[PDB]
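In: when you get a sec, could you give me coordinates for this:
(10 chains, ligands or ions: 178)
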Amino acid sequence: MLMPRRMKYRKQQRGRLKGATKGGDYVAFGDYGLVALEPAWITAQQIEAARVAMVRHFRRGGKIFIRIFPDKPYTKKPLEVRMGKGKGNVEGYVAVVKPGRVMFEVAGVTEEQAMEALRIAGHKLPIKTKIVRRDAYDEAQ
Amino acid sequence: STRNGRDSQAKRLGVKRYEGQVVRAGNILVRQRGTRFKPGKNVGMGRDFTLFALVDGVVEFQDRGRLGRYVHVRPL
Amino acid sequence: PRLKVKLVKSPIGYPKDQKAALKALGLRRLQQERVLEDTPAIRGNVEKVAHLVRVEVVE
Amino acid sequence: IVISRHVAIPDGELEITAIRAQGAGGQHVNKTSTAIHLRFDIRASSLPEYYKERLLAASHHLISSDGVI
Amino acid sequence: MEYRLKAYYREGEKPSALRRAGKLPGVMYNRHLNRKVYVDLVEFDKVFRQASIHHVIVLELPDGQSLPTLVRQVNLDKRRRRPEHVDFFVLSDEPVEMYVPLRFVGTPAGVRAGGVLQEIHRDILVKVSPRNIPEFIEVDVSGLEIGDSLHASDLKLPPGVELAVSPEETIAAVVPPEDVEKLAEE
Amino acid sequence: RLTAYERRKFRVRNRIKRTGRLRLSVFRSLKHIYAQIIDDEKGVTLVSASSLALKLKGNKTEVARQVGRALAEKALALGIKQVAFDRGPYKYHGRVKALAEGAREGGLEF
RNA sequence: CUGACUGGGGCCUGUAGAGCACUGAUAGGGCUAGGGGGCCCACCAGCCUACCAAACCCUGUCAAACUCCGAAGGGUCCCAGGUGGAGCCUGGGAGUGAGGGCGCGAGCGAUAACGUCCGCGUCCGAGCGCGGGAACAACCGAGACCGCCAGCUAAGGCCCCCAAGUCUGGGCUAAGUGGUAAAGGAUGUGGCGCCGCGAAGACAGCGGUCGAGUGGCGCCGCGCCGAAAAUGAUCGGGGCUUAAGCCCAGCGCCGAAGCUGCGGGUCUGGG
RNA sequence: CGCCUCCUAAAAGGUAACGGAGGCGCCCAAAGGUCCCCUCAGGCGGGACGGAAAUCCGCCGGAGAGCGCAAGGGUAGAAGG
RNA sequence: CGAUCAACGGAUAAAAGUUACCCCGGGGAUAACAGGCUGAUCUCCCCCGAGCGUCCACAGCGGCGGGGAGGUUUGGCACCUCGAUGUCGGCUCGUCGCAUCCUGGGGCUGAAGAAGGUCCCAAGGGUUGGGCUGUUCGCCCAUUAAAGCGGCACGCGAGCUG
RNA sequence: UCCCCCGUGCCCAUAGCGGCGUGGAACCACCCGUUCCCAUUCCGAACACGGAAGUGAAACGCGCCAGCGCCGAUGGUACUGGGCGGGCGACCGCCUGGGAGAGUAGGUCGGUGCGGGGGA
Ligand SMILES: [Mg+2]
Ligand SMILES: [Mg+2]
Ligand SMILES: [Mg+2]
Ligand SMILES: [Mg+2]
Ligand SMILES: [Mg+2]
Ligand SMILES: [Mg+2]
Ligand SMILES: [Mg+2]
Ligand SMILES: [Mg+2]
Ligand SMILES: [Mg+2]
Ligand SMILES: [Mg+2]
Ligand SMILES: [Mg+2]
Ligand SMILES: [Mg+2]
Ligand SMILES: [Mg+2]
Ligand SMILES: [Mg+2]
Ligand SMILES: [Mg+2]
Ligand SMILES: [Mg+2]
Ligand SMILES: [Mg+2]
Ligand SMILES: [Mg+2]
Ligand SMILES: [Mg+2]
Ligand SMILES: [Mg+2]
Ligand SMILES: [Mg+2]
Ligand SMILES: [Mg+2]
Ligand SMILES: [Mg+2]
Ligand SMILES: [Mg+2]
Ligand SMILES: [Mg+2]
Ligand SMILES: [Mg+2]
Ligand SMILES: [Mg+2]
Ligand SMILES: [Mg+2]
Ligand SMILES: [Mg+2]
Ligand SMILES: [Mg+2]
Ligand SMILES: [Mg+2]
Ligand SMILES: [Mg+2]
Ligand SMILES: [Mg+2]
Ligand SMILES: [Mg+2]
Ligand SMILES: [Mg+2]
Ligand SMILES: [Mg+2]
Ligand SMILES: [Mg+2]
Ligand SMILES: [Mg+2]
Ligand SMILES: [Mg+2]
Ligand SMILES: [Mg+2]
Ligand SMILES: [Mg+2]
Ligand SMILES: [Mg+2]
Ligand SMILES: [Mg+2]
Ligand SMILES: [Mg+2]
Ligand SMILES: [Mg+2]
Ligand SMILES: [Mg+2]
Ligand SMILES: [Mg+2]
Ligand SMILES: [Mg+2]
Ligand SMILES: [Mg+2]
Ligand SMILES: [Mg+2]
Ligand SMILES: [Mg+2]
Ligand SMILES: [Mg+2]
Ligand SMILES: [Mg+2]
Ligand SMILES: [Mg+2]
Ligand SMILES: [Mg+2]
Ligand SMILES: [Mg+2]
Ligand SMILES: [Mg+2]
Ligand SMILES: [Mg+2]
Ligand SMILES: [Mg+2]
Ligand SMILES: [Mg+2]
Ligand SMILES: [Mg+2]
Ligand SMILES: [Mg+2]
Ligand SMILES: [Mg+2]
Ligand SMILES: [Mg+2]
Ligand SMILES: [Mg+2]
Ligand SMILES: [Mg+2]
Ligand SMILES: [Mg+2]
Ligand SMILES: [Mg+2]
Ligand SMILES: [Mg+2]
Ligand SMILES: [Mg+2]
Ligand SMILES: [Mg+2]
Ligand SMILES: [Mg+2]
Ligand SMILES: [Mg+2]
Ligand SMILES: [Mg+2]
Ligand SMILES: [Mg+2]
Ligand SMILES: [Mg+2]
Ligand SMILES: [Mg+2]
Ligand SMILES: [Mg+2]
Ligand SMILES: [Mg+2]
Ligand SMILES: [Mg+2]
Ligand SMILES: [Mg+2]
Ligand SMILES: [Mg+2]
Ligand SMILES: [Mg+2]
Ligand SMILES: [Mg+2]
Ligand SMILES: [Mg+2]
Ligand SMILES: [Mg+2]
Ligand SMILES: [Mg+2]
Ligand SMILES: [Mg+2]
Ligand SMILES: [Mg+2]
Ligand SMILES: [Mg+2]
Ligand SMILES: [Mg+2]
Ligand SMILES: [Mg+2]
Ligand SMILES: [Mg+2]
Ligand SMILES: [Mg+2]
Ligand SMILES: [Mg+2]
Ligand SMILES: [Mg+2]
Ligand SMILES: [Mg+2]
Ligand SMILES: [Mg+2]
Ligand SMILES: [Mg+2]
Ligand SMILES: [Mg+2]
Ligand SMILES: [Mg+2]
Ligand SMILES: [Mg+2]
Ligand SMILES: [Mg+2]
Ligand SMILES: [Mg+2]
Ligand SMILES: [Mg+2]
Ligand SMILES: [Mg+2]
Ligand SMILES: [Mg+2]
Ligand SMILES: [Mg+2]
Ligand SMILES: [Mg+2]
Ligand SMILES: [Mg+2]
Ligand SMILES: [Mg+2]
Ligand SMILES: [Mg+2]
Ligand SMILES: [Mg+2]
Ligand SMILES: [Mg+2]
Ligand SMILES: [Mg+2]
Ligand SMILES: [Mg+2]
Ligand SMILES: [Mg+2]
Ligand SMILES: [Mg+2]
Ligand SMILES: [Mg+2]
Ligand SMILES: [Mg+2]
Ligand SMILES: [Mg+2]
Ligand SMILES: [Mg+2]
Ligand SMILES: [Mg+2]
Ligand SMILES: [Mg+2]
Ligand SMILES: [Mg+2]
Ligand SMILES: [Mg+2]
Ligand SMILES: [Mg+2]
Ligand SMILES: [Mg+2]
Ligand SMILES: [Mg+2]
Ligand SMILES: [Mg+2]
Ligand SMILES: [Mg+2]
Ligand SMILES: [Mg+2]
Ligand SMILES: [Mg+2]
Ligand SMILES: [Mg+2]
Ligand SMILES: [Mg+2]
Ligand SMILES: [Mg+2]
Ligand SMILES: [Mg+2]
Ligand SMILES: [Mg+2]
Ligand SMILES: [Mg+2]
Ligand SMILES: [Mg+2]
Ligand SMILES: [Mg+2]
Ligand SMILES: [Mg+2]
Ligand SMILES: [Mg+2]
Ligand SMILES: [Mg+2]
Ligand SMILES: [Mg+2]
Ligand SMILES: [Mg+2]
Ligand SMILES: [Mg+2]
Ligand SMILES: [Mg+2]
Ligand SMILES: [Mg+2]
Ligand SMILES: [Mg+2]
Ligand SMILES: [Mg+2]
Ligand SMILES: [Mg+2]
Ligand SMILES: [Mg+2]
Ligand SMILES: [Mg+2]
Ligand SMILES: [Mg+2]
Ligand SMILES: [Mg+2]
Ligand SMILES: [Mg+2]
Ligand SMILES: [Mg+2]
Ligand SMILES: [Mg+2]
Ligand SMILES: [Mg+2]
Ligand SMILES: [Mg+2]
Ligand SMILES: [Mg+2]
Ligand SMILES: [Mg+2]
Ligand SMILES: [Mg+2]
Ligand SMILES: [Mg+2]
Ligand SMILES: [Mg+2]
Ligand SMILES: [Mg+2]
Ligand SMILES: [Mg+2]
Ligand SMILES: [Mg+2]
Ligand SMILES: [Mg+2]
Ligand SMILES: [Mg+2]
Ligand SMILES: [Mg+2]
Ligand SMILES: [Mg+2]
Ligand SMILES: [Mg+2]
Ligand SMILES: [Mg+2]
Ligand SMILES: [Mg+2]
Ligand SMILES: [Mg+2]
Ligand SMILES: [Mg+2]
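Out: Residues are numbered from 1 along each chain as shown, chains lettered A, B, ... in the order given. Ligands and ions are numbered 1, 2, ... in the order given. Next up is the structure itself:
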């Protein structure tokens, strides 16, 4: 419910998550944001569960920006098969998120509403998160 | 259940004598696919693009920028 | 000058090249002290094994 | 989960015991299999109640007395 | 206001060290000048949050010398989200490219319809002389409606203060709201 | 972008400098026709001759065989020997060819 | 004298990182082909769209099989140092061609396995010989020719079991935390920051009287819950609370088959 | 199950798995040697049939075309016509 | 010049099956049992609070998602055991866990009473007799305070059955 | 030695693109012709030959402008050879040596070798 509509390649290898985020570290759209404290794969079905929850908190709202998108294919061998005989099948897609990246922002809504919407949204994510405001530093990047 | 699994014998390409090295007429100095180095002074290219010393001397590499890189053998 | 290089910590479990350095220096036993010309080459090997050595300047 | 044709059935009120394998095949059938499924769907939970009632009074194997499916 | 900040020349000092002490290290420079400095962190900060890259900061150096400056870039640390290091640009008399804030005056009829105002620039790039640094530049967003937009071609301006950017650039928009009835569909 | 002229130029001069003789290079203008022996390893022109310079004459072509014979005479004296005929971007023809044949008579080797 | 290893010097290279100029991916906005829909209208075009949306632009991003860019390192050649159970050359004799753990870089797997498969490295293998780690092939220390009722160290230790400090100064912790775990939750407790409302006397109590401070956030430390498994318990044990715990900073000691002292043996080179 | 290309492969070379992706078992008497000439895709405007695209004209256009075939490397200062 | 000698360094010019009638040499270098490592799968428990519950998020519930525990399921691995670690189920005999079926004590209740629901504390004791099937399991009869779930080599064949 | 122009190289966009602006004495082009040499899958467009009315329109040479393009520090960071600590992990740090990329300041409308014709 977020995936590339086309890929050059169908499955791809796993890689590591060293370091903090290539960038994506400063706010840049809305007023408030959710930043990642820990590295993780974030599954589209999570990213969407997180989105949806806020939109529902707004009930008819401001804007919800989504700044990470799941372009990495997630593979799994079916159950009970042994080792080998190829690489499994793509069961999902994830977004790779190293620490300090801003995953979601909101605008168009009161400070008390972002503090919530971003908080509840946080819980659907599988990692630690900070809520943030626009700074001057985000404005100067 | 794999359509994959092939790959081909590896080709050992690249420069075989570096700048400053002493060669002998006939030495292969570069193994390449197409022209990553043009032959410069005293260096010929063979039907596969391999470059080789035409005379005994010393290799020198030259980077002509837009014109590409060249391998020369400065005779001794 | 000269360097006086004493081997204070065992190379066992360290890489072969650092073992080799220790040899180019000529230090074969723990605690052994060697008195060594201070050239750049000698200093290089003295620095390579620096975590196994105690150095001080001399003559 | 559990993917019945129109509504629901929800998200885990169903009971699947893995019991041992009857008949052919050795110690593995005697032992690691298992690999066999009894299930319990106790007829009053979830469901449209039109399925529940058309399900409850029907005479069928696979559908118990108190049944329970 | 005219914002003033102390500051001090550093040489060998490791920024790790400074940073540890509460001192955000930085450089200052322009065509005639380049010097390694630091400011105090918590002090620098006092200023910057009100100041930013919009208003002139005046560095007071120990030699007594006091130079007027604009902040060029703050290099952030991605992990902490804390300023790592600051570029101080010494203004002189010339004109200079820079970023001037926007007041978006008035309540769009795009909002009040239930919409939301996306400020796509909180500020604008501008060539201008340091005598001319406008405290801001206002925009009427009132006549803006859901779907509508504002391009900086239609930005007001003082004298002068020539724009530096394609007037085809887009400074504001009014987008429709997040909505729950949207959910079932999607 | 390059012009057919600029390429044909390169295309011939390239092949020429590949064989590494002395370069006899020939410019031919609407009025005049000029020639130089060049060593492009040292980046230097050795021996020079022209119509405009030898102030003559002339029938455009017949002028050439002269400025050809001209160059050899001088050239040969300074020790060349042999050399490679750069035809520039010009069909080997006369005036261009009529040089050449000019140089060749005077003893230039090619 | 060439060797590993090192110094300087030249060339080779496309990884880490980063980037988006190429290939693709890609959120939002702009601009704008083409669809879709509403309005007219069949006189054949014209308008509006909070619909779908190509190209392009701006902001913001992603990539093993993308790279405008790119290290640290690595490889090679020269000159130098390097006399080493180095090196090259010709021969004789082998054994091995089931490896294993740990580290780091990846693939596969489920960012599982005392999992598999490669790369660099190490140890075990063959160092189940010695000290530490309660015990324990490969973690820490160290390469055991022999003898000594001698000395100094290593890791680890110095309350007793058990050699050496119930050693000195500062701080935290009240859980026996230490002495096995996560999201999460909390007036546990301590240290630096930020503002608010306060004699314009809310700050709690039942715009009045009380007479002093209160209330909401930040960065950090240590603790609490969250915490259920099957013969009898337990941090190795006893036992420990301004510590025998944790953080910081010293001094001394103890501690191997390491190193020293003394004696001896054999190989080797040299007198 | 042999051969080729790319990745994995840790910036020399080499490097494994029933790891990720594709090709070959032909062909060309011109698709060969040499001499000589010439330069692409694409975009916008123009033009009987003539259209998104036949052929023609202009302007813009470094190479995104082409190079029998897979990929890669090379390449118009030609290896392309 | 004659090779899909393509199993492509190509055993012969010339070649397919079955063995539960089977045998020998070997291997725990390698499967089936059991254990071990793992915990995807399974069982349990929590986070969040959309949303049900006339009204009311939280009596009872818990969309989309998130964190864990256990080591009972099926698996993954192939580490001791192939110069033997007898395999299901019954019987007999137990013993342990607590994630409690009953009995004891409690909080909340959408708890009038009586009965229930849900959670907490608690393992001392208890936890029936039959019909069907080799069964474990399950279905059913009649009861019951209740007819608990697991561990012990899915406890127990030098204790029996078979 | 200096200015100009014509030939050739070297650097390899700081040299490009796009605006203006200048030069014809000389040189170069365009230009006049198509008999002759030589040519067009047709075309004297190009190649080519014989010229010398004209013109610097085109092209070329030399200048100015920073709109694009190209270049680009200092500082800081990322990453890291080597040496060390932390965590059950994914991963997190320290020391020493090396150290980017992007971004900022800024830079740029070329520099130069040899030879020729002219000029001072
Ligand atoms: Mg996952
Ligand atoms: Mg998934
Ligand atoms: Mg969370
Ligand atoms: Mg900005
Ligand atoms: Mg950016
Ligand atoms: Mg195939
Ligand atoms: Mg392979
Ligand atoms: Mg290969
Ligand atoms: Mg290979
Ligand atoms: Mg060679
Ligand atoms: Mg050849
Ligand atoms: Mg050089
Ligand atoms: Mg060690
Ligand atoms: Mg080490
Ligand atoms: Mg080395
Ligand atoms: Mg040395
Ligand atoms: Mg559910
Ligand atoms: Mg049967
Ligand atoms: Mg049978
Ligand atoms: Mg059978
Ligand atoms: Mg701060
Ligand atoms: Mg829209
Ligand atoms: Mg030597
Ligand atoms: Mg050597
Ligand atoms: Mg060296
Ligand atoms: Mg490159
Ligand atoms: Mg990377
Ligand atoms: Mg791109
Ligand atoms: Mg950009
Ligand atoms: Mg593309
Ligand atoms: Mg778009
Ligand atoms: Mg790659
Ligand atoms: Mg890699
Ligand atoms: Mg890459
Ligand atoms: Mg660069
Ligand atoms: Mg380098
Ligand atoms: Mg060699
Ligand atoms: Mg080197
Ligand atoms: Mg030597
Ligand atoms: Mg031999
Ligand atoms: Mg031998
Ligand atoms: Mg023998
Ligand atoms: Mg043998
Ligand atoms: Mg191996
Ligand atoms: Mg080995
Ligand atoms: Mg190993
Ligand atoms: Mg480590
Ligand atoms: Mg893993
Ligand atoms: Mg492992
Ligand atoms: Mg293993
Ligand atoms: Mg062995
Ligand atoms: Mg040992
Ligand atoms: Mg050894
Ligand atoms: Mg033992
Ligand atoms: Mg021990
Ligand atoms: Mg030991
Ligand atoms: Mg072990
Ligand atoms: Mg020994
Ligand atoms: Mg002592
Ligand atoms: Mg110690
Ligand atoms: Mg102590
Ligand atoms: Mg004692
Ligand atoms: Mg004391
Ligand atoms: Mg104390
Ligand atoms: Mg407790
Ligand atoms: Mg305890
Ligand atoms: Mg405890
Ligand atoms: Mg916690
Ligand atoms: Mg928390
Ligand atoms: Mg406190
Ligand atoms: Mg606290
Ligand atoms: Mg304070
Ligand atoms: Mg008060
Ligand atoms: Mg606890
Ligand atoms: Mg309990
Ligand atoms: Mg201490
Ligand atoms: Mg000894
Ligand atoms: Mg002795
Ligand atoms: Mg010996
Ligand atoms: Mg002798
Ligand atoms: Mg390689
Ligand atoms: Mg490598
Ligand atoms: Mg061909
Ligand atoms: Mg075209
Ligand atoms: Mg057209
Ligand atoms: Mg028309
Ligand atoms: Mg038409
Ligand atoms: Mg057409
Ligand atoms: Mg055309
Ligand atoms: Mg191409
Ligand atoms: Mg490539
Ligand atoms: Mg051709
Ligand atoms: Mg044959
Ligand atoms: Mg065959
Ligand atoms: Mg095949
Ligand atoms: Mg074979
Ligand atoms: Mg065969
Ligand atoms: Mg074979
Ligand atoms: Mg072979
Ligand atoms: Mg045969
Ligand atoms: Mg048979
Ligand atoms: Mg048999
Ligand atoms: Mg039979
Ligand atoms: Mg059989
Ligand atoms: Mg028989
Ligand atoms: Mg028989
Ligand atoms: Mg047998
Ligand atoms: Mg085997
Ligand atoms: Mg068993
Ligand atoms: Mg098993
Ligand atoms: Mg066993
Ligand atoms: Mg577990
Ligand atoms: Mg829990
Ligand atoms: Mg209620
Ligand atoms: Mg309701
Ligand atoms: Mg759930
Ligand atoms: Mg989980
Ligand atoms: Mg789970
Ligand atoms: Mg678990
Ligand atoms: Mg078990
Ligand atoms: Mg198992
Ligand atoms: Mg085994
Ligand atoms: Mg194995
Ligand atoms: Mg066995
Ligand atoms: Mg036995
Ligand atoms: Mg036995
Ligand atoms: Mg038996
Ligand atoms: Mg029975
Ligand atoms: Mg309990
Ligand atoms: Mg429960
Ligand atoms: Mg009770
Ligand atoms: Mg009572
Ligand atoms: Mg109750
Ligand atoms: Mg009520
Ligand atoms: Mg009652
Ligand atoms: Mg009990
Ligand atoms: Mg009991
Ligand atoms: Mg009981
Ligand atoms: Mg019963
Ligand atoms: Mg019974
Ligand atoms: Mg009967
Ligand atoms: Mg029966
Ligand atoms: Mg059954
Ligand atoms: Mg029962
Ligand atoms: Mg039992
Ligand atoms: Mg079992
Ligand atoms: Mg049993
Ligand atoms: Mg049982
Ligand atoms: Mg039995
Ligand atoms: Mg027995
Ligand atoms: Mg019988
Ligand atoms: Mg030159
Ligand atoms: Mg460039
Ligand atoms: Mg030039
Ligand atoms: Mg003019
Ligand atoms: Mg004139
Ligand atoms: Mg005139
Ligand atoms: Mg022309
Ligand atoms: Mg002009
Ligand atoms: Mg010209
Ligand atoms: Mg510019
Ligand atoms: Mg730059
Ligand atoms: Mg630096
Ligand atoms: Mg490092
Ligand atoms: Mg590091
Ligand atoms: Mg290294
Ligand atoms: Mg390292
Ligand atoms: Mg650990
Ligand atoms: Mg680090
Ligand atoms: Mg460093
Ligand atoms: Mg440094
Ligand atoms: Mg730097
Ligand atoms: Mg840079
Ligand atoms: Mg600039
Ligand atoms: Mg300029
Ligand atoms: Mg320029
Ligand atoms: Mg020039
Ligand atoms: Mg003159």
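In: residues contacting the most centrally placed residue in chain B?
Out: Nearest to the geometric centre of chain B sits residue B:30, at 1.7 Å (Cα atoms, centre = their mean). Residues near residue B:30 by Cβ atoms under 8 Å, 6 or more residues apart in numbering or on different chains: B:14, B:15, B:16, B:36, B:37, B:50, B:51, B:71. From N, CA and C alone the C-beta is placed, and that goes for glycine too.
In: adding secondary structure, write the residues you listed out as JSON lines.
Out: Shown next, in JSON lines, are the contacts of residue B:30 (DSSP: H, G, I helix; E, B strand; the rest coil):
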{"residue": "B:14", "secondary structure": "strand"}
{"residue": "B:15", "secondary structure": "strand"}
{"residue": "B:16", "secondary structure": "coil"}
{"residue": "B:36", "secondary structure": "coil"}
{"residue": "B:37", "secondary structure": "coil"}
{"residue": "B:50", "secondary structure": "coil"}
{"residue": "B:51", "secondary structure": "strand"}
{"residue": "B:71", "secondary structure": "strand"}
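In: for the helix or strand encompassing residue A:96, give me every contacting residue.
Out: Secondary structure from DSSP states H and E places residue A:96 in strand A:89-97. With Cβ under 8 Å, 6+ apart as the test, strand A:89-97 has contacts from A:2-4, A:10-11, A:15, A:17, A:21, A:36, A:39-45, A:47, A:68-78, A:103, A:127.
In: residue in chain D with the shortest distance to chain A?
Out: Using Cβ to the nearest Cβ, the single residue of chain D nearest to chain A is residue D:35, 9.8 Å away.
In: and that residue, how many neighbours?
Out: 12 (other Cβ atoms under 10 Å in any protein chain shown).
In: residue E:54 too?
Out: 21.
In: likewise residue E:113?
Out: A total of 13 residues lie near residue E:113 under the criterion other Cβ under 10 Å.
In: repeat that for residue A:131.
Out: Counted with other Cβ under 10 Å, residues neighbouring residue A:131 total 18.
In: over to residue F:29?
Out: Residue F:29 is flanked by 11 other residues according to other Cβ under 10 Å.
In: for ligand 2, see how far away it is.
Out: As defined by Cβ to the ion, to the nearest Å, residue F:29 lies at a distance of 77 Å from ligand 2.
In: who's in contact with that residue?
Out: Taking Cβ under 8 Å, 6+ apart as the definition, residue F:29 has no contacts.
In: buried stuff in stretch F:26-45?
Out: By neighbour count on 16 or more other Cβ atoms under 10 Å in any protein chain shown, the buried set for stretch F:26-45 is F:26, F:28, F:32, F:33, F:34, F:35, F:36, F:37, F:38.
In: go ahead and confirm the second one touches residue F:94.
Out: Think residue F:28. No - in this structure, residue F:28 is not within contact of residue F:94 by Cβ atoms under 8 Å, at 10.3 Å.
In: sorry, back to before: show me the contacts of strand A:89-97 that map onto helices.
Out: Among the contacts of strand A:89-97, DSSP state H puts A:44, A:45, A:47 in helices.
In: what is the neighbour count of the second one?
Out: Other residues within reach of residue A:45, judged by other Cβ under 10 Å, total 15.
In: how about the strands in chain C?
Out: Under the criterion DSSP state E, chain C contains strands at C:2-7, C:33-37, C:53-57.
In: please report how far the residue of chain F found nearest ligand 2 lies from residue B:66.
Out: Nearest residue of chain F to ligand 2, counting by Cβ to the ion: residue F:1, 53.5 Å away. To residue B:66, residue F:1 is 15 Å away according to Cβ to Cβ, to the nearest Å.
In: for the residue minimising distance to the centre of chain E, give me its contacts.
Out: Of all residues in chain E, the one closest to the mean position by Cα atoms, centre = their mean is residue E:53, 3.5 Å from it. For residue E:53, the contact set (Cβ under 8 Å, 6+ apart) comprises A:136, A:139, A:140, E:70, E:71, E:72, E:98, E:99.
In: mind putting the residues you listed into JSON lines with neighbour count and distance to residue E:178?
Out: Formatted as JSON lines, those follow (neighbours: other Cβ atoms under 10 Å in any protein chain shown; distance: Cβ to Cβ, whole Å):
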{"residue": "A:136", "neighbour count": "19", "distance to residue E:178": "27"}
{"residue": "A:139", "neighbour count": "17", "distance to residue E:178": "24"}
{"residue": "A:140", "neighbour count": "20", "distance to residue E:178": "28"}
{"residue": "E:70", "neighbour count": "23", "distance to residue E:178": "37"}
{"residue": "E:71", "neighbour count": "23", "distance to residue E:178": "35"}
{"residue": "E:72", "neighbour count": "17", "distance to residue E:178": "37"}
{"residue": "E:98", "neighbour count": "21", "distance to residue E:178": "35"}
{"residue": "E:99", "neighbour count": "17", "distance to residue E:178": "30"}
